[PDB]
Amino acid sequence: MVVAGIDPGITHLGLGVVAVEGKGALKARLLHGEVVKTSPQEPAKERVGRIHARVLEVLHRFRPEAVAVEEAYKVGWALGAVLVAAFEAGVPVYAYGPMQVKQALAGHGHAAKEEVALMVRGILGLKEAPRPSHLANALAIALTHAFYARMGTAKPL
């Protein structure tokens, strides 16, 4: 299955797409990874508009079965743009918090972020852990969703 994962951020918005294998231990391939980077000088509408345009472009190009997002006002803006794109692309949205990601990929709710990042590197077969953290997070969220999707406990926002 093909999944877009998104990590709504301060000045970076992690956006990744993975294709996960249907059998065997959780295994996926990286199809796309980007970070939407915003500047202090550019106005709010451009920052949010670009996020929208990037997410919509990714959904249309990669046609994932699902969008997965990690879990305040301004972060809410970014997620707003993301939600609009998923609505226009006709793609269902699922939300997961830090603890669920840790549980799915590291096997305990209180695992360190480094443990999650090690598993994402493992599952995707990467040479190094995917940088930066917003991208690593977005891939983890994507893989978290695939994990719960397999066992049928996907959490739809």
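Residue indices: 1-based, along the sequence shown.
Averaged over CA atoms, B-factors in the entry run higher in 9-17 than in the other of 135-143 and 9-17.
Just going by the entry, 29-37 versus 122-130 on mean CA temperature factor gives the higher value to 122-130. The entry assigns its greatest Cα B factor, within the set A95, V101, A112, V91, to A112. When the CA B factors of the chain's modelled residues are split into thirds, the value for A4 lands in the lowest one. Residue-level temperature factors show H60 in the highest third of its chain, judged at the C-alpha atom.
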